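Residue numbers (the authors' numbering), protein chains in the order written: chain A, 1 to 387; chain B, 1 to 387; chain C, 1 to 387; chain D, 1 to 387.
From the three backbone atoms N, C-alpha and C, an ideal C-beta is built for every residue, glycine too.
Number of protein chains: 4
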Amino acid sequence: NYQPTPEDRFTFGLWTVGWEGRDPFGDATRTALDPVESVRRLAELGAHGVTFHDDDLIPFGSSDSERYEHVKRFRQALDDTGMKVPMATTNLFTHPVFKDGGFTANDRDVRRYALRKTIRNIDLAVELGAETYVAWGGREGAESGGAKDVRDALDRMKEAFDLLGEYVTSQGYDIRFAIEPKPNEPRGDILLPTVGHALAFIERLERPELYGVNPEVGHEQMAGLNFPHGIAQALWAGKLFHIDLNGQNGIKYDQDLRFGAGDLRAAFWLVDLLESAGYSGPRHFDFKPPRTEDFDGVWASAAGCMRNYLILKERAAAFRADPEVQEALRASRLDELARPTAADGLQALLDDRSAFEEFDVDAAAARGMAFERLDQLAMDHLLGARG
Amino acid sequence: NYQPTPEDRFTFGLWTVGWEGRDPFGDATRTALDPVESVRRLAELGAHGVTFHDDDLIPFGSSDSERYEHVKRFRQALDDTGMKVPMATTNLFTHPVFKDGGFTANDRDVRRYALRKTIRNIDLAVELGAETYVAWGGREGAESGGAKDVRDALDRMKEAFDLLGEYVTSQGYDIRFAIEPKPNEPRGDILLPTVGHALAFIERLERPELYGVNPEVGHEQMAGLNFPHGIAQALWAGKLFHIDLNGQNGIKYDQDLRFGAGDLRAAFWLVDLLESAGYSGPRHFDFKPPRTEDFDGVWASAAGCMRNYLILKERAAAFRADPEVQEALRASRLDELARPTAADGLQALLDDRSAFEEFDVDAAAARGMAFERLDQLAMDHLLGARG
Amino acid sequence: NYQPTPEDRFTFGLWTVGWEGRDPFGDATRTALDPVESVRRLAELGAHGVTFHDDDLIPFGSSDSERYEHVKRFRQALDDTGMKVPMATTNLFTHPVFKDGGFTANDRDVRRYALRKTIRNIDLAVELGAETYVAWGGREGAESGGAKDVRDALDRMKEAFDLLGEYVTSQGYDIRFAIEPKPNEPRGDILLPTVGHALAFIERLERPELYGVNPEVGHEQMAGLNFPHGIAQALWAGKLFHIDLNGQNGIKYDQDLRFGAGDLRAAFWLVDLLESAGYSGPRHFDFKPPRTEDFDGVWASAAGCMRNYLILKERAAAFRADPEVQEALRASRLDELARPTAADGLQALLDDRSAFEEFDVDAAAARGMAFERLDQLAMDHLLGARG
Amino acid sequence: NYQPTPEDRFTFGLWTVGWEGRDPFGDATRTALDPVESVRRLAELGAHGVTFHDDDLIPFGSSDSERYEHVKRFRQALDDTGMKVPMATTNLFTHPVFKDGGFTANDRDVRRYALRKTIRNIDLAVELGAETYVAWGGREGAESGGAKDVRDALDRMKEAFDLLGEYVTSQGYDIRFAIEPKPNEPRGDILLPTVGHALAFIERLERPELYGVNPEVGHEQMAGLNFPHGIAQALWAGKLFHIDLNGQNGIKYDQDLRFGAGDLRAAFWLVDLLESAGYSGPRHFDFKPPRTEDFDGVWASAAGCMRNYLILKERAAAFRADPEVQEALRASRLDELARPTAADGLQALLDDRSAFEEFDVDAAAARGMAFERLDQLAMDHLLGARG
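Right, dumping it as structure tokens:
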């Protein structure tokens, strides 16, 4: 049951189903997949589109001619399937030249090169119809304290993003940027480690309106944070431009499990939030089919990502629509949380004896919040065991 | 050796040395300390001042008269010792009425009460000469997903802070606010969990200039984050209004060990940064002498906080002043990180063939960063084993 | 639906539903519950029995007479309800005298007192029909390195347990001991921090057969470990004497959420294992209804513990019984994992050219494990969305 | 200063200084090092010996002849330098055939192959004079619950180790086994995740005396555990056969930093313990020079490992030898922890009224442990700022 269609806006990076299985302790377990084949297979599964890093599509070092050809072949597969490309990004982490970062490398020549490599890909992304350009600064950071002066590094990071905003403005492109935070791995500590740090940083750029965040489930969970709470803050700020979905089992290396695996209750609350807030961007999967799998397992893993999202969507919708749940929400005062604390204004509050002098603290303290009953209704709904 | 003086600006909360030792699994191991006695003992140790929550100074429920008296006695001890009160805060977490929060409690009546209790203490803080008013929303959060709609909660949090800014503006007080983030404990997840989340939030307030952050070593470490990196971002934003120092051994409950305990290398890099950036606010200790200790152990623990800061200050200064270290910093290109990537401008960068077309990636990739030698010089300096 | 009965063997500690809500940052939110009332309420919910620490039942310091009376009243409630007492334990953590431990306190006089307090409660436990006596050494550990020589502490821990084994042997009691590991909280680091450390320790006692483990979901998760894997090792060793069920959201303070909350997929795999291995001891809940709740919320939370176990039991049973799942298990070679690697013996293996000289490594390497399809079948079963 | 000599017993794996820098997100940053060159360079730095995985020395797939040659060349470098080979191990993790494990792979044919590959290397290890054979089952584990029945897997693990013990017994070799635990990475959860789990497992083998543990600093820290406490338990059991030293900054991916980096205070307490207990095996470094470094940085990193150990050794020795520290140890009752709790026996304890009936709990409770003063003396000693 639960079959996805392109209207569900499910997207996948070419590097997800294309991951060959090389890990820090082992060789590849699968042969390389041609991007054309991945587009075809994903389309068959009901995906809406694909995403790419420049180097996933055009082998690093390719001549302008080989480049052409890679693009032409890719475009033909998109035309043949109806698949879209809503987002693109730059690989500023694989090649040895980026060992100390791209935008924040200590070497100035590298920083310049990083910007040129990025701008080249922005042109390509626009050509392919992408509306979001993601930046994951996976090598921006350090393993030791004296290696990076963080204030200088943020000055460099701001400079790079401001230059990119100037470029898109000048070309008149309709494309926005999304910064993807990650707390660590591959660097000991990565700069702008969480959604909060990325949101704060954006506020210091020259044209903040061009930038948002691209949070990833597993990344925030690597810091032990509540992913749905972080997404709520991004939505509250009007900055959720894109989202990366996957699963992670706690604080450890980035597992990139299929969506729904990892913390299942957090997946439920995330879907509840995306659907309630009416998020309309792509539902992108940045995951890796385990290296234990063959190609059949790759497609099964990708299909499971979409299936899990649809099952959760159904259960969250049934939860919110259940009259008994609506009643429990009022019992727990969720309605009162939505009302202004003092629309009456400061003076009125200062003059209100019921707010202090005559406030019965003990009576208020004795009121139960009834959160456990509400949470068991949510559990019953998730498990399909009532409501 | 390493003796502190009031000029070192070391401050302590009354609740630190005054902690009786009650933990989630045990009764108090020490009798209550009179605030007057704590002021006297701290002054003797060389501290510069003390801080307080309203309820530490005036027992919750006190009549206006008893209140007077508590204040008069406290003021006399400050006058007798020369101790200052640079910061004050509100207890919106102990009393049962705050079980679901203060500013973000689902019950509107509680939210109003929370604001009135806070405003009352702001007046007192100003009277005592405090320049910073801290807000730690330790009960703002949840243990389950449906109990708190985070967007509504942030609307409530913004409303509360905006009202406080309106109050101080209207009274013409010279006092600024500092938000103290914490990821969890006592709530399952706390709102504005890290310095990044707090910085981002401040940017949406009506008068952002009145608010900064009051980060705490152990709090960011409870999320596995790099404390010195977070402080660098706060300084970069011009928002480090105050700082709380302590020690924590990784991701676990908030230990509140004395400063220098926990992650010693992180303590070194933090002191290096505070001293290099010329931070001039109080060096405040929010720690708890372990419940294994008697009063002698309390004073020994407090003294150790200051001693460790002074030892680290000396070692960081010797590190930065060592010619061999200055040379290693240039070998690692820290000087180049401080130079603009493209002061020449966007067009110039686009036209620069040395930045892309003729950039020798392999030659750049082959350059070692020499970070290990630099980090061993930092280790030798910390340990007093050379440079 | 999913209604528990005494035959389900669900048990609760008096301190679980009796928790008043005092946390490290706040006062109690609920009045004390009389043990008699808790027995009655639990019986009504369908529980099978209750457990207790000596101090939960008899207020610390009680005269022999008051003690009698507390016991008589308790016994009458058990008789009136049919509730049993399968396990009992000692409180060697609340009173200030245990600030540095019970069995491993540096002070010898305290260690002697700890043993006497424990032996007194063993007699009571036997009288009430308990078959398991649990030991949670929550204060055995340290906050700093020089405070505890761990080898001396383990010698003391071994001495205490050997003396307890000698006591029960000598009295001819039929009661076994279960050690409950916890990695930290309230001490900075607790001795025998995980199920593995406790299992290893037992092997050095004088009569290892009298001791097993009493693992707790949240405790192993506080170390980021796989709870079901740890329980499998305890079962493999024949040492799972009892089990404590609750929920925990990752590495942070011990949350003690109701069972099913926290890591739901881990709860599923744990039930699958307990039910498949035919574990027949009590299903004990060591949890705390959140301090946000009133008495109605306490009973709702306790009921949810049992409900979640029964729902998971049903889903795990449907998973194992599904023919499609049985087929997937064979596709993934779970049947081959159960077969001896070399029942043929060492020489035969050494002489087997198919095991090395003629083994086709590439062909074996190319075989997919089909684990993703199997895991999606498990997800579908948990969610009630097929199989 | 602090110069190592072969008498310090410092050893390094060929794969440590030989790590090319490939990580999950990037290509190699350094060319391959010939083992002969690494032996020569390490000897120059003052190391005592090297260790190897079969595949580090003989390229996987090598003919018996090429194998000979690799060994002959290696032996000549050992002869030319005086370097020893105290430990050897098997690579049962890199090749795709081991994607689901070696000893616990679901496929029986793989398990047989894993044993044959291991036995072949045991013969070589003995030939080279190794006294310890390490087993790190990095691929033994799972990413999902149904993929591995843990009881069957432990039966397979026990079978493999018993067969290896039978082999060495039968050949009359003088070599012991050491199991190296790791909680996760590369598998989602690894079997025998901590030193405790490995110690417990050994007790179920047929000849437990042939097996011990080879704990690694960073591995236990990836579970948030106290490394020195775990080593104390291994020593207490008489099972510390070897030890792997490195640095790790908390719960995250395995960083493999040089020893002394990471948690410096834990490094201090570990050296204090190894030196006090008189551990006489190799001080082995299993670390990776960061990929930011060139060959000069590799040698600087390796040298720093040894330097840090020697500096810590000096500071721990000065701490233990300081009369003021000896006095503080008695003030904290470390002497009393070393005395039997009840050498008088059980009956005597039962009859001792001073142990219960007349024990003054309040007086005992009021005694401070004086641990903070002791810990500040340890800090002063580590920092070279007194005692």
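{"Query": "So with Cβ pairs under 9 angstroms, would you call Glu275/A a contact of chain C?", "Result": "no"}
{"Query": "Indicate the three-state DSSP secondary structure (helix, strand or coil) for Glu131/B in the structure shown.", "Result": "coil"}
{"Query": "With distances taken from CA atoms, which of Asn1/C, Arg67/C, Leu245/C and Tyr2/C is nearest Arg283/C?", "Result": "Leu245/C"}
{"Query": "At a Cβ threshold of 9 angstroms, is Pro6/B touching chain C?", "Result": "no"}
{"Query": "Where does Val50/D sit, in a helix, a strand or coil, going by DSSP?", "Result": "strand"}
{"Query": "Return the residue from the list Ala378/A, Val195/A, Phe93/A and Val97/A that minimises the CA-CA distance to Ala328/A.", "Result": "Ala378/A"}
{"Query": "Quick one: using the 10 Å Cβ neighbour count with 16 as the cut-off for buried, is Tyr68/A buried or exposed?", "Result": "exposed"}
{"Query": "Any beta carbon of chain D sitting closer than 9 angstroms to that of residue 450/A?", "Result": "In this structure chain A extends from 1 to 387, so residue 450/A is not present and cannot be described."}
{"Query": "Roughly how many angstroms separate the alpha carbons of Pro290/A and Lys252/A, rounded to a whole number?", "Result": "16 angstroms"}
{"Query": "Output yes if chain C places a C-beta closer than 9 angstroms to the C-beta of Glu372/A; else output no.", "Result": "yes"}
{"Query": "Name, going along the chain, the residues of the region 253 to 267 of chain B whose beta-carbon falls closer than 9 angstroms to a beta-carbon of chain C.", "Result": "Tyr253, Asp254, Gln255, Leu257 and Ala261"}
{"Query": "Taking the runs of the alpha helix (DSSP H) that are 4 residues or longer, which of them lie wholly in the region 40 to 99 of chain B?", "Result": "54 to 57 and 64 to 81"}
{"Query": "Could you tell me if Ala363/A is buried or exposed, where buried requires 16 or more neighbouring beta carbons within 10 angstroms of its beta carbon?", "Result": "exposed"}
{"Query": "Return the Cβ separation of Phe12/A and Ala302/A in integer angstroms, given the expectation that the two are a contact with Cβ distance under 8 angstroms.", "Result": "6 angstroms"}
{"Query": "Have a look at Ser62/C and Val85/C and give me their C-alpha separation to the nearest angstrom.", "Result": "22 angstroms"}
{"Query": "So what does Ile179/D bridge to, in DSSP terms?", "Result": "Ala135/D and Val213/D"}
{"Query": "Per DSSP, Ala142/B forms a beta bridge with which residues?", "Result": "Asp189/B"}
{"Query": "Please go through the region 322 to 380 of chain A and give each complete alpha helix (DSSP H) segment of 4 or more residues, from N-terminal end onward.", "Result": "323 to 331, 334 to 337, 346 to 351 and 361 to 366"}
{"Query": "What residues in the region 93 to 118 of chain C bring their beta carbon closer than 9 angstroms to a beta carbon of chain B?", "Result": "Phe93, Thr94, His95, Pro96, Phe98, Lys99 and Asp100"}
{"Query": "Return the CA-CA distance between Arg207/D and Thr31/D, expressed in angstroms with no decimal places.", "Result": "43 angstroms"}
{"Query": "Who are the neighbours of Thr292/B on chain C, taking C-beta pairs under 8 angstroms?", "Result": "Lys99, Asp100, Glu143 and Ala147"}
{"Query": "Would you say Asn249/D faces chain A, with C-beta separation under 9 angstroms as the test?", "Result": "yes"}
{"Query": "How would you write the range of the alpha helix (DSSP H) that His284/B sits in, first residue to last?", "Result": "Premise fails: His284/B lies in the beta strand (DSSP E), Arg283 to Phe285, not in any alpha helix (DSSP H)."}
{"Query": "Hey, how far is the Cα of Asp352/C from the Cα of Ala342/C?", "Result": "11 angstroms"}
{"Query": "Going along the chain, which residues of the region 358 to 386 of chain D sit with their C-beta nearer than 9 angstroms to a C-beta in chain B?", "Result": "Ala365, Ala366, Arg367, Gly368, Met369, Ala370, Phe371, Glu372, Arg373, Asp375, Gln376, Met379, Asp380, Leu382, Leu383, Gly384, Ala385 and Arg386"}
{"Query": "Under 8 angstroms Cβ to Cβ from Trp299/A, same chain only, skipping five residues before and after it: list those, please.", "Result": "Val17, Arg41 and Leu45"}
{"Query": "Do you know how far the Cα of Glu159/D is from the Cα of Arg339/C?", "Result": "11 angstroms"}
{"Query": "Quick one: is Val195/C near chain D, going by C-beta distance under 9 angstroms?", "Result": "yes"}
{"Query": "Compare the Cα-Cα distances from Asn214/D to each of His242/D, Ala232/D, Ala200/D and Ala237/D and report the closest residue.", "Result": "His242/D"}
{"Query": "Nearest CA to the CA of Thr104/B: which residue from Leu334/A, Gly368/A and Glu358/A?", "Result": "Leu334/A"}
{"Query": "Could you have a look at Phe241/A and say whether DSSP puts it in helix, strand or coil?", "Result": "coil"}
{"Query": "Please state if the CB of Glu166/B and the CB of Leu310/A are separated by a distance shorter than 9 angstroms.", "Result": "no"}
{"Query": "Are the beta-carbon atoms of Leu240/A and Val271/A separated by less than 9 angstroms?", "Result": "no"}
{"Query": "Which bits of chain A does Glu166/B rub up against, with CB to CB less than 9 angstroms?", "Result": "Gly345 and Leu346"}
{"Query": "Any idea if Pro323/C is buried or exposed, counting beta-carbon neighbours within 10 angstroms, 16 or more meaning buried?", "Result": "exposed"}
{"Query": "Express the C-alpha separation of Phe285/C and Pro228/B in angstroms, rounding to a whole number.", "Result": "41 angstroms"}
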